[PDB]
Amino acid sequence: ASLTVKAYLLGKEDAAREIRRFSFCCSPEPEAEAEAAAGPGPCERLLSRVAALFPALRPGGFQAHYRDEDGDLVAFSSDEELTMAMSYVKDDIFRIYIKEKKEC
Amino acid sequence: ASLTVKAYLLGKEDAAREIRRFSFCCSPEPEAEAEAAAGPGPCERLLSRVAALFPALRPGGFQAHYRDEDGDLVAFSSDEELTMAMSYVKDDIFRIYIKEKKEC
Amino acid sequence: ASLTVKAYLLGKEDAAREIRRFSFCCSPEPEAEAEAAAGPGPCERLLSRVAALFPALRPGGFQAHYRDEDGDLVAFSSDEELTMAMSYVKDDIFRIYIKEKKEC
Amino acid sequence: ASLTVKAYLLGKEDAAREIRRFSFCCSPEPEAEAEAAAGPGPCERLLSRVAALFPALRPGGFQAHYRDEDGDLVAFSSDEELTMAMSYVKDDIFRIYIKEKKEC
Amino acid sequence: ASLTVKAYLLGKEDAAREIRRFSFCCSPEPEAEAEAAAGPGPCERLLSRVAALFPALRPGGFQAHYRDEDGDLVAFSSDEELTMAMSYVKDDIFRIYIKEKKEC
Amino acid sequence: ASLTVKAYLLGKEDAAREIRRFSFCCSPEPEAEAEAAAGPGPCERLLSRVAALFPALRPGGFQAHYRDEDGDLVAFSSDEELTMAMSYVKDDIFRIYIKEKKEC
Amino acid sequence: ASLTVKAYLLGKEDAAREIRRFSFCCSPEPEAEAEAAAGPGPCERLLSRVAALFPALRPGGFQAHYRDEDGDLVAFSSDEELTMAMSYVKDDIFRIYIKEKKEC
Amino acid sequence: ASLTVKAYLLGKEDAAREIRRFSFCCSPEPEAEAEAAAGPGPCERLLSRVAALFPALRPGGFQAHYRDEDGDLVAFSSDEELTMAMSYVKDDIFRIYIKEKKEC
Amino acid sequence: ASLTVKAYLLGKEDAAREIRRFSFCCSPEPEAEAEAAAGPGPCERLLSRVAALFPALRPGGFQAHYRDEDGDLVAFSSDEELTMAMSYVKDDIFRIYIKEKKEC
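- Within the PDB entry, the label attached to chain A reads Sequestosome-1, and the organism entered is Homo sapiens.
- In the PDB, the structure is listed with the title "Cryo-EM structure of p62-PB1 filament (L-type)".

### Quick look at the interface of chain B and chain A
No. 1: Counting residues at the interface gives 12 residues for chain B, matched by 16 residues for chain A.
No. 2: Both sides of the chain B and chain A interface together cover about 980 Å² of buried area, and 41% of this is carbon and sulfur.
No. 3: Looking only at chain B, the three residues that lose the most surface to chain A are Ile 19, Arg 20 and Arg 21 of chain B, adding up to 53% of its buried area.
No. 4: Close ionic contact of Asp 68 of chain A with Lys 6 of chain B constitutes a salt bridge, the shortest N to O distance being 2.9 Å.
No. 5: Linking chain B with chain A are eight residue pairs in polar contact, by the criterion used here.
No. 6: At the level of elements, strand 1 (3-10), strand 2 (16-19), strand 3 (22-24), helix 1 (42-53) and strand 6 (93-100) of chain B are the ones that each hand at least two residues to the side of chain B that touches chain A.
No. 7: When the residues that make up the side of chain B that touches chain A are grouped by side-chain class, the tally is five nonpolar, one polar and six charged.

### A word on the interface of chain D and chain F
No. 1: Listed as interface residues are 12 residues of chain D and, on the opposing side, 16 residues of chain F.
No. 2: In total, chain D and chain F occlude about 970 Å² of area from one another, counting both sides; carbon and sulfur atoms represent 41% of this.
No. 3: Considering only the surface of chain D that becomes buried against chain F, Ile 19, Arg 20 and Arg 21 of chain D emerge as the three largest contributors, covering 54% of it.
No. 4: Summed over the shared surface of chain D and chain F, the result is nine salt bridges.
No. 5: Summed over the shared surface of chain D and chain F, the result is eight residue pairs in polar contact.
No. 6: At the level of secondary structure, the elements contributing two or more residues to the side of chain D that touches chain F comprise strand 1 (3-10), strand 2 (16-19), strand 3 (22-24), helix 1 (42-53) and strand 6 (93-100) of chain D.
No. 7: Broken down by class, the residue content of the side of chain D that touches chain F amounts to five nonpolar, one polar and six charged.

### Remarks on the environment of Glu 31 of chain G
No. 1: Mapping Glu 31 of chain G onto the fold places it in the loop between strand 3 (22-24) and helix 1 (42-53).
No. 2: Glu 31 of chain G sits in the exposed class, given a relative accessible area of 54%.

### Considerations on the pattern of salt bridges
No. 1: Tallied over the entire structure, the rule returns 86 salt bridges over all chains.
No. 2: If you follow the salt bridges from partner to partner, you end up with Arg 58 of chain A, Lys 6, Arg 21 and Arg 95 of chain F together with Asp 68, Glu 69, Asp 70 and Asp 72 of chain G in one network.

### Remarks on the nonpolar core
General note: in soluble globular proteins, nonpolar side chains tend to be found buried as a group.
No. 1: Grouped together as the largest cluster of nonpolar side chains are 30 residues, with contacts concentrated most on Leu 46, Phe 76 and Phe 94 of chain F.
No. 2: When residues of this core are traced back to their parent elements, those giving at least two are strand 1 of chain D together with strand 1 (3-10), strand 3 (22-24), helix 1 (42-53), strand 4 (62-67), helix 2 (82-85) and strand 6 (93-100) of chain F.
No. 3: Look past the residues within four positions of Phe 94 of chain F in its chain and what remains in contact with it is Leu 3, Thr 4, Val 5, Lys 6, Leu 46, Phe 76, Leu 82, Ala 85, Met 86 and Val 89 of chain F.

### Here's the deal with the environment of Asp 68 of chain B
No. 1: Residue position: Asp 68 of chain B is located in the loop between strand 4 (62-67) and strand 5 (73-75).
No. 2: In this structure, the C-alpha to C-alpha distance between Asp 68 of chain B and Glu 29 of chain B, residues 39 residues apart in sequence, is 27 Å.
No. 3: Other than its neighbours up to four places away in sequence, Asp 68 of chain B contacts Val 74 and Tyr 88 of chain B together with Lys 6 and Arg 21 of chain C.
No. 4: At a separation of 2.9 Å, a polar atom in the side chain of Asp 68 of chain B contacts the main-chain amide nitrogen of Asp 72 of chain B.
No. 5: Among the polar contacts listed, one links the side chain of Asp 68 of chain B to the side chain of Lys 6 of chain C, at a separation of 2.9 Å.

### Quick word on the pairing of strand 1 (residues 3-10) of chain A
All names here are of chain A.
No. 1: With eight of eight residues buried, strand 1 lies mostly within the body of the structure.
No. 2: Here strand 1 shows no split at all, with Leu 3, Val 5, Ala 7 and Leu 9 on one side and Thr 4, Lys 6, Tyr 8 and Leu 10 on the other all buried.
No. 3: With three bridges joining them, strand 1 and strand 3 (residues 22-24) adopt antiparallel strand pairing. In the strand pairing of strand 3, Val 5 is matched with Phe 22.
No. 4: Direction of pairing for strand 1 relative to strand 6 (residues 93-100): parallel, over a ladder of six bridges. From the neighbouring strand, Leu 9 faces strand 6, where its bridge partner is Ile 98.
No. 5: Examined bridge by bridge, strand 1 and strand 2 (residues 16-19) share three bridges and lie antiparallel to one another. Paired with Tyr 8 across the strands is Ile 19, a residue of strand 2.
No. 6: What sits between strand 1 and strand 2 in their antiparallel hairpin is a turn of five residues, with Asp 14 showing a positive phi close to 60 degrees.

What counts and how
- Residues numbered from 1 in each chain as written, not as in the entry; some residues may be left out.
- Chains lettered and ligands numbered in written order.
- Part of a larger assembly, values for the part shown.
- Heavy atoms only, no water.
- Contact = heavy atoms within 4.5 Å.
- Buried area = accessible area lost by both parts, 1.4 Å probe.
- Salt bridge = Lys/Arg side-chain N within 4 Å of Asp/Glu carboxyl O.
- Polar contact = N/O pair within 3.5 Å; in protein donor to acceptor, adjacent residues only side chain to side chain.
- Helix = DSSP H or I, 4+ residues; strand = E, 2+ residues; numbered from the N terminus.
- Nonpolar A, V, L, I, M, F, W, Y, C, P; charged D, E, K, R; others polar.
- Buried < 20%, exposed > 50% of the residue type's maximum accessible area, 1.4 Å probe, protein only.
- Core = buried A, V, L, I, M, F, W, Y, C linked by side-chain atoms within 4.5 Å.
- Pairing = 2+ DSSP bridges.

Structural data, given as C-alpha cells:
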C-alpha cells in the first residue's frame, strides 16, 4: 500500500508555510518475525518521518492534523486514531496539516 | 452501535481550540457475565476516553457539554443524562464540547 | 406526563452559567398504596433533583424561579405554587432559573 | 473517596502566602479490626497532615478555615464540624485556609 | 427541625473575629420519658454548645445576640426569649453574635 | 521516561529572571540492586539538579513551585507531592517556578 | 560539522546592540590522542570565542542565551546543556543572545 | 542533622549589633562509647560556641534567646529547653538573639 | 581557583566609601612540603591582603563582613567561617564589606 503524504506546515493564520510531499508505508510492514515487540506504531513512524524532513521543526514539538468532512482541522496523535484519519484519503494523497506547539 | 464522538475543546470565547474525533461504543457492551458489578457507567467510560486522548487536560478537570435545540451548551455528567444527550446525534456524530474547570 | 425541565443556573448579572436539562415526572406518581403519608411534595422532589445534578450548589441553598408573561423571574418554593409555575410550559420544556442564596 | 485538599496559607491582609495541594482520605479507613480505640479523628488526621507539609508552621499553632456561601472564613477544629466543612467541596478540591495563632 | 447556627464572635468595633457555623436541634428532643425534670433549656443547650466549640471563650462569660429588623444586636439569655430570637431565621441559618463579658 | 524541566527563576513581582531548561529522569532509575537503601528521592534529585545549574542560588535556599489549573503557584518539597506536581506536564515540559527564601 | 554562530549582543530593553556572526566547530575535534585530559569543553570553547571577538565585553562577565519554542531567552552555561541548545539550529545558524552580568 | 545557627547580638534598643551565622550539630554526636559520662550538654555546647566566635563577649556573661510565635524574645539556658527552642527552626536556620548580662 | 574579592569599605550610614577589587587564591596553595606548620590561615591571608591595599585602615582594626540571603552584614573572622562566607560567591566575585573598629 504505497501512500503519499502531503505535509502542509501551517503558519500564522493557518496559511501554509512549507509543503513537503513524501511517501508512507502504513499497511506495509517489515519481515514476519519478531526482532522486537512490534516496531514503532504506524503513527509513531509517521511523526518520526515528518520530523525528519522539515528542518524548521524538531521532534516532539508539533501537532499533526487532518481535515474532516466539516473542514475542521482534527488533530491526531494516536495510532488507533491515525486509522480514522486515513479514511479520508482521496486518491492516494493523505494531506496532513502540521502546527507547532507554542506557549499556550 | 458504532458511534462517532467529535470532541470539541473550547477556548477563551467558546471558540474551538482542538478537535479530536474518536469512536465510542455506548450500547455495545462486553461479555454477558459479571466479572464486576456492572463495569463503569456509559458516561464514565466516555469521560475516561476523552481524558485519555487530549494531552491538554487531566481527568476529573473538565466539563463535557452538548448543544440542544436552542443552541445552548447543556452540560452532562451523569449516565441517565448522557442518554438524553445522545438523542441529538445527527448522522452518527455525537458532538461534545469540552470546557476546563478553572477558579470560579 | 413526561416533562422536561431545563435548569438554567444564573450568574452575576443574571446570565446563565450552567444549563442541565433533565426530565421530571410531576403528575406521575408511585404505587397506589401508602408506604408513607404521601411521599415528598412535587416541588420537594423537584428541588431535590436540581440539587442532585448540579455539583456547584448544595441542597437548601438555592432559589428556583420561572419567567412569567412579563419577563420577570417569579420565584417558587411551594407545591401549590409549582402548579402555577407549570402553567407556563411551552412544548414540554419547563425552564427554571436557579439562583444561589448569598449574604443579603 | 480520594479527596484533594488545597491548603491556602493566609498572610497579612488575608492574602495567600503559600499553597500546598495535597490529597486526603477522610471516608477511607484502615483495616477493619481494632488495634486501638478508633485511630485519630478525621479532623485530627487532617491537621496532622497540614502541619507535616508546611515548613513555615508548627503543629498546634494554626487555625484551619473554609469559605461558606457568604464568603466568610468559617473555622473548624472538630471532626463533627469537619463533616459540615466538607459539604462545600466543589469538584474534588477541598480548599482550606490556614491562619497562624499569634498574640491576641 | 435541623437548624444551622452561624456563631459570629465579635471583636473590638463589633467586627467578626471568628465564625463557627454549627448545627442545632431546638424543636427536636430526646426520648419521651422523664429521666430528669425536663433536661436543660433550649437556650441553656445552645449556650452550652457555643461555649464548647470556641476555644477563645469560657462558659458563663459571653453574651449571645441576634439582629432584629432595626439592625440592632438584641441580646438573649432566656429560653422564652430564644423563641423570639428564632423567629428571625432566614433560610435555616440562625445567626448569633457573641460578645464577651469584660470589666464594665 | 525522558522528561524536560523548564526551570523559571522568579524575580520581584513574580516575573521570570532566568530560565534554564534541563532534562530529568524521574521514572528511570539506576541498576536493580541496592548499593544504598534507595538513592535520594525523586524530589531530592530534582532540587539537587536545579541548584547545580543556577549560579544565582545555593542549595537549601529556594522553593520550587508549579502552576495548577487555577493559575496559582503551588509549592512542592516532598516526593509524594512531586508526583502530584508531575500530573500537570503538558507535552513533556515540566515547568517549575523557583523562588528564593528571603527574610520573612 | 561546520556550524555558524550568530552572536547577538543584547542591550537595554533586550534590543540587539552588536551582531558578530562567527563559525564554530563543536562536533569536530582535534587529533585523536591525549595531549591533555580532554581539551576544554564544547561550551567552554564557545564562550572563549564569543569573548575573543566582542571588544565590548570581557571573559567571565557575560551570559549566553538562546530562544526556545516559547520565545524565551533560555540561558546556557554547561556543556551538557549546550547540546540541548543546539537542537534549535535552523539551517546552520545557531543564534545566541549575549547579556552582560551587572549589579543585581 | 546539619543545623545553621544565625546568632544575632542585640544592642541598646534590641537592634542587632553583630551577626555571626555559624553551623551546629545538636542531634549528631561523637563516637558511641563513653570516654566521659555524656559530654557537655547540647545547650552547653551551643553557648560554648557562641562565646568562642564573638570577640565582644566573654563566656558566662550572655543570655541567648529566640523568638516564639508571639514575637517575644524567650530566653533559654537549659538543654531540655533548647529542645523547645529548636522547634521554631524555619528552613535550617536557628536564629538566636544574644543579650549581655549588665548591672540589673 | 582564581577568585575575585571586591572589598567595599563602609562609611557612616553603611554607604561605601572606597572600593578596591583585588584577586584572591583561597583553594590554591604553595609547594606541597612543610616549610612551616601550615602557612597562615585562608582567612588570615585574606585580612592581611585587605589591610595591605587600603591606605585608610591599619591591620587588626577592621571587621570584614558579607551579605547573606537576608541582606544582613554577617561578619566573619575565622577560617572555618570564611568557608561559609564563600558559599555566597555569585560569578567569581566575593563581595566583602569592611567596617572599622571604633570606640564602642
